[PDB]
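Chains A, B, C, D, E, F, G, H and I supply the protein sequences, listed in that same order.
So the first sequence is numbered by the authors' numbering: it starts at 50 and just counts up by one.
So the second sequence is numbered by the authors' numbering: it starts at 1 and just counts up by one.
So the third sequence is numbered by the authors' numbering: it starts at 1079 and just counts up by one.
So the fourth sequence is numbered by the authors' numbering: it starts at 1226 and just counts up by one.
So the fifth sequence is numbered by the authors' numbering: it starts at 1128 and just counts up by one.
So the sixth sequence is numbered by the authors' numbering: it starts at 5 and just counts up by one.
So the seventh sequence is numbered by the authors' numbering: it starts at 47 and just counts up by one.
So the eighth sequence is numbered by the authors' numbering: it starts at 297 and just counts up by one.
So the ninth sequence is numbered by the authors' numbering: it starts at 491 and just counts up by one.
Quick reminder that beta carbons are idealized off the backbone N, C-alpha and C, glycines included.
Remarks on the structure that follows.
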Amino acid sequence: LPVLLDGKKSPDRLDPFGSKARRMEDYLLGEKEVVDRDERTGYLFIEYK
Amino acid sequence: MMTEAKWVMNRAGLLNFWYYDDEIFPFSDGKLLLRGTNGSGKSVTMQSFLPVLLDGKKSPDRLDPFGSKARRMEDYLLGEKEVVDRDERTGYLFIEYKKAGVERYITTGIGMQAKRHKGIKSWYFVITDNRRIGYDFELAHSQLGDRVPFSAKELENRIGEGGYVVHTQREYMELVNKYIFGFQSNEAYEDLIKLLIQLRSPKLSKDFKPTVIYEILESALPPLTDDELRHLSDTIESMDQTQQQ
Amino acid sequence: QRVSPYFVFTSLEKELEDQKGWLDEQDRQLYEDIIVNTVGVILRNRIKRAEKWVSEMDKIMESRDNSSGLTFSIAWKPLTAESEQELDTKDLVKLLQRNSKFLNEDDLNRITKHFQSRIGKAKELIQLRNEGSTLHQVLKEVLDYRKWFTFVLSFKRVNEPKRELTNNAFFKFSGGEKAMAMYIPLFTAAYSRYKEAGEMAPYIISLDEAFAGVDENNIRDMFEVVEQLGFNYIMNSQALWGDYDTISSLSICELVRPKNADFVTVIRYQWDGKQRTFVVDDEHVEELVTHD
Amino acid sequence: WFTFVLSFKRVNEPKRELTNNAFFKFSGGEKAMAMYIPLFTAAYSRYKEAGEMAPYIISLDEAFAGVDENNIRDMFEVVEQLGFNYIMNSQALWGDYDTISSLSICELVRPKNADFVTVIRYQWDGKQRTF
Amino acid sequence: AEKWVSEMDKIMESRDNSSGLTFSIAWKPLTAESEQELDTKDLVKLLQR
Amino acid sequence: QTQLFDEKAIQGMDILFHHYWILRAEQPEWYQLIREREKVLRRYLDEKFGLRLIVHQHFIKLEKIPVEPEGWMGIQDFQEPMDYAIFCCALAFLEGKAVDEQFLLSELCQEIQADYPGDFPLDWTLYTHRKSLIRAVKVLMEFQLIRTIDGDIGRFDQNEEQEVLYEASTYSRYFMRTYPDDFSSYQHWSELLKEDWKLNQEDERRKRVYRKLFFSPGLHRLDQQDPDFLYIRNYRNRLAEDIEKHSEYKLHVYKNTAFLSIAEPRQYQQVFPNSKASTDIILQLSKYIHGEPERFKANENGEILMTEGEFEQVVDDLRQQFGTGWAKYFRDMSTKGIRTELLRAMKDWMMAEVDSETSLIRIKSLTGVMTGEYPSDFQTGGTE
Amino acid sequence: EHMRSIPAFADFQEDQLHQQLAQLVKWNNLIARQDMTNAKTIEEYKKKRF
Amino acid sequence: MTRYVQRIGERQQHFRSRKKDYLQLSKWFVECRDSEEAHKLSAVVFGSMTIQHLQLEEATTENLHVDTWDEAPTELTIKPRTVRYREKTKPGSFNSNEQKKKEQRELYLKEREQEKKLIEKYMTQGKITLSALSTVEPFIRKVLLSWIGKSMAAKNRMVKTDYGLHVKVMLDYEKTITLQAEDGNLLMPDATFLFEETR
Amino acid sequence: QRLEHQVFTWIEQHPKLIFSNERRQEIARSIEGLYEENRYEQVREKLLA
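Structural data, given as structure tokens:
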């Protein structure tokens, strides 16, 4: 939240104000330095009743 | 075998400071481990003892975790006005050293008086004659009623004879270095303490990668004292000024 | 005084004639060089002492073995300048580290040339920094040697290559290993410092809530390290109890002033490496027994 | 062009403006209530702008920084009263609070910053004390 | 924005709380420095046309 | 590099205000800190006050020039005009001494006597004259204009032949602000104001108000139709927002006065009330005046009017109720002496003025802001 | 001081010392100059101590 | 030497003065017939060394149209200027709340003794299993949740009772069990525990 | 003050006497207010009491 409410995954939606301090790419990939996984394909889904 | 005889810390008292009405803490040998819910003073207490009691500088920055000046030591001394209806107090902090492998004890403690937003005194002392507070020496006479902490003058008389009492942080720090630490300079002691404040600052507990460490180390190295640059800079400035004139 | 222009012109002629005789640029350069040369020797002395200090830091980090199958080492070295317009400090440093035995008049001239370039750079910086800061400040910035060199921390796991500690390298560590890498430089600095101290000094440290999150075994190891170095410490925590077997003996105090209550209650425990009893402090218990 | 002004009224007290001093006079629970209910009410009104079927969602990271254990109980009662659907996280909180009508939990463990994650799942239902 | 803060105020005042402390919020319009300016509230008054 | 007004800027501003000036050699930390925000502070001082601040290598000084000078502003340790005259003569002497030059106290007395420009001669054989010079020298030494180590002038008190060895310090040159014209053209002090306000023509009213507010504990309404007070009313609010962002103060405004309150005074700050008992008795008088608004009708200007006789009756009445708890110093002093001292004190804090001729007392509403009493259990023990 | 420390001149007269110093300087054997700054007792400030 | 050459230059280019100005001011001070006038004039010359203001406790209503006499004044309690209450220069005594501190430690340790007795009740020959205790105390539920957190966060399977009794965890994960207490219910996987000899 | 010290050394010299803390505070206070509140007679009168 609120990323999956609309889908704007840009850092402004992650940072409590909107900064670019932390980025979506590492969230998908896993952090840049911790792992060598520069590529991946994934899915995310929430279910509503 | 040891060298000439290293100190060890086994005891730590407080007397009428903050809500610390009369508390003391023994150290196994030289080690101790406080605990309690956050905001209770386990930090204010540790900060008061180290490195504060080591040199005596009491400015808000040393106690303050952010490194800002939000709350002073004085505030701690007097306590929250919402809890204690007082604007004047006298607090005593002290630690009791024992020489490792020997039965010699050196004590060091601070005595403070603070009046809510009216000004804070301070006096320092160090006992070296092997008197121990609470075994063959005392800090609060019961005369006039209950236990009453010594006022500055009585404490100065009583230690003055057997140990030193000083009234400036610099002199106290010089004394402490001379007796306990044996640094080859007072400045080096100050720089060590500078390193110690960083050691204590909480950014360690929080930030986890190396580039913080590199900045810390680079800051640890001792710089150029103003004298060495002073001769060259003065001469060059005078020469260029002459040229301009 | 109020004098006619003839008098002022004559006076300025005579004065400029006299003032012009005071100095000459060659003497300016000579004086500057001789002072800068003694300052350079002083800087050499500071570099040598710092180099010994760094050697000590690496030696202390190297001279023990840690339960994680790891040994640490730190290293110092001059960086290369951005460009040669700054005459790269690494050449001058090479000259400085050059053994006096290996030194010669040409190298002395080269070092002096380097200082000359730096003083010229100092004056240019004065011009660019129109803020009017004194030449002393610009000098204290240009000649501060601590900025010229950089540290490189390194670890060598059992039968694994020695490595430089970049953030990425930090990430190669396990979690506990990361904690050691971060919290070892501090111990080695404070321990080398005390080794600098006199024979009276008690090796003191203070840990503030450290390691919340680290698995009991590893904080155990941290205390093992502290044991190896031989520290005396005062540590505070919200949940840490200090019942780890690497702690030979320890005293744990619990602070209590709940609900805004105005008095602090101290509940003093003890430790001996295996068990933590409830302590009623001996001397003060006897004091309570006697005084009445 | 404008500035925001908060006003606080302790029970039976004259209206004011929510300055630092009036803040210091608050108790821990009162402090927490004043700071966080307004924010969640802002979220609520914003959702009033939303459509009819929208689930009024809020969030908190390191949830309820500096709040007393009791009003944290209160917070989860307040949340139930407002009807929010929320995804919160917290390092020390455990979600075992009687005021929670129901709440799923999950624990993420990755202490070693290494790139593996261990996931434990739970659930909680609470027993709000009906007297 | 006025609608958002108005609904905010209505909600904040209507619901009572366990702490016994009530909060209400308003937008204070800055005041004009020289008589060529309007108080921001009045400015909004005019601005509503 | 973009600095912002924060705790540090407030602290530097306060340190500047509550001291005459700051010397580098003793307050190096404050000097550097102030220097760091000096950029924001200069802009800010210009923006709000329009005051100048000169920061140089050895000291920093804030030319706190008041809108209308008041007695308490001046160096208080001085007690006679003669003290100031001797101070100025000492300045002239320092003008005669080169930097780091060493001069004897005896030489200083002789040159001051020779130069002293008044018609009525200064004589060093007297006690009072010597006391005035010693006070002047003490103030001089306070600002390190002159350093002193050999002996102690105090013996000079009882021994005019006494001697001390003094050294003229560098600060003497820079002590006094500049007077850009032919100073003689300033035929009267009132002409100085005409200078400072020819320099502050742009939005002169706001700067005037800022200076009046910030300097004095309060700012009193001249009359019912005071243009300044109407001005204050128009920007009361914007002042309050600015004051909350920028300072310790909290604004108060009333029909006949406006003032700044301060929440937390530090060691170095001056505030009312304070330890001196006379503030306590002033407060007791304030409560007594508050208790009879109708007998002591507050006039339209918010002032309360009493004649010297009425005031003396009040002081006797007060000695009856609270006199039991007063210090023996006041308890032992006649009514008229207490009257004179309290009225001077109340003038210093601008609480009231005593008309010299008609003896009318004007008590300002600012006096009525605060009232004080003893704790009730003692009030009943003393005079139930 | 040091002349008196030598036994041969324990009774050394300092007026004779300064006479001898002036004679030596006059004899192109010594140099001296009055101190400009270092006065601690007012007498030192007076006495032009060379 | 360089300083001296620089001084020659400054000698060439320097020199100001203001002395005579002092004299007019001194004459004016002669005309100052009363010291308050003189203070005012001195303030003209230089300004105030400090500033005057009053301390208060809180903000007040901003009624521009009202005056203090209408207002309720700032009533103050005055520490009597007689020792007849207490007029103090020498330090005061610490309250000596040793009674209260002893009582606090006693009560705290007694609560912890109750907790210890509870843990002892649940130490079944030094082993505990969560599923076996499907009905539990709130304290024991939180203790066991802390045990799960400590054992799973710390791959060492270590666990700590606040009394120093260590605990190493046996583990198994294919289960859904319910836990009942005074406050709420929780559905969790199971875990097993054993006690060590740090007693 | 020195006389007060002597007084409480006169007190502290008779250990067989159980001068409670309250009477000691009374004496302290009575001394503190000498000749402003009570002459010595009221002090030595209470000591004799």
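When burial is assigned at 16 or more other CB atoms within 10 Å of the CB, is residue i buried or exposed?
i: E522 of chain I; result: buried
i: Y525 of chain I; result: exposed
i: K202 of chain F; result: exposed
i: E535 of chain I; result: exposed
i: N305 of chain F; result: buried
i: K1352 of chain C; result: exposed
i: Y333 of chain F; result: exposed
i: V102 of chain B; result: exposed
Of all the options the options, which has the alpha carbon lying nearest to the alpha carbon of residue i?
i: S344 of chain H; options: F:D123, F:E40, F:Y48, F:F21; result: F:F21
i: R329 of chain H; options: F:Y35, F:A89, F:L130; result: F:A89
i: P60 of chain B; options: B:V52, B:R72, B:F49, B:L54; result: B:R72
i: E171 of chain F; options: F:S188, F:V141, F:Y190; result: F:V141
i: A78 of chain G; options: G:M49, G:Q65, G:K92, G:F96; result: G:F96
i: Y459 of chain H; options: C:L1101, C:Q1348, C:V1114; result: C:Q1348
i: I365 of chain F; options: F:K259, F:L169, F:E307, F:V59; result: F:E307
i: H60 of chain F; options: F:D50, F:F53, F:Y35; result: F:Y35
For chain F, is any of its Cβ atoms less than 8 Å away from the one on residue i?
i: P376 of chain H; result: yes
i: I88 of chain G; result: yes
Can you pull the chain C neighbours of residue i, defined as C-beta to C-beta under 7 Å?
i: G460 of chain H; result: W1319, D1321, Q1353, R1354
Where does residue i fall in DSSP's three states?
i: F300 of chain F; result: coil
i: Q351 of chain H; result: strand
i: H335 of chain H; result: helix
i: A1153 of chain C; result: strand
i: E171 of chain F; result: strand
i: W73 of chain G; result: coil
i: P149 of chain B; result: strand
i: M484 of chain H; result: strand
i: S1315 of chain C; result: strand
Return no unless some Cβ of chain D is closer than 8 Å to the Cβ of residue i.
i: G79 of chain A; result: yes
i: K471 of chain H; result: no
Would you say residue i reaches chain H, if we count a Cβ-Cβ gap shorter than 8 Å as a contact?
i: residue 462 of chain I; result: Since the first residue of chain I shown is 491 and the last is 539, residue 462 of chain I is not available in this structure.
i: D284 of chain F; result: yes
Within 8 Å of any Cβ in chain B, is that where the Cβ of residue i sits?
i: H1214 of chain C; result: yes
i: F509 of chain I; result: no
Would you mind telling me which residues of chain D sit closer than 8 Å to residue i, beta carbon to beta carbon, in chain order?
i: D1293 of chain C; result: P1336
Within 8 Å of any Cβ in chain G, is that where the Cβ of residue i sits?
i: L112 of chain F; result: no
Along chain A, in chain order, which residues have C-beta atoms closer than 9 Å to that of residue i?
i: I1282 of chain D; result: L50, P51, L54
What does residue i touch in chain H if you count any residue whose Cβ is under 8 Å from its own?
i: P149 of chain B; result: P387, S389, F390
i: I1312 of chain C; result: The contacting residues do not exist; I1312 of chain C stays about 20 Å from chain H at best.
Would residue i count as contacting chain I if we go by Cβ distances under 8 Å?
i: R329 of chain H; result: no
i: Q143 of chain B; result: yes
Who are the neighbours of residue i on chain B, taking C-beta pairs under 9 Å?
i: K1250 of chain C; result: What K1250 of chain C touches in chain B: nothing, since even the nearest Cβ is about 12 Å away.
Contact criterion: CB-CB distance below 8 Å. Does residue i meet it with respect to chain A?
i: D1340 of chain D; result: yes
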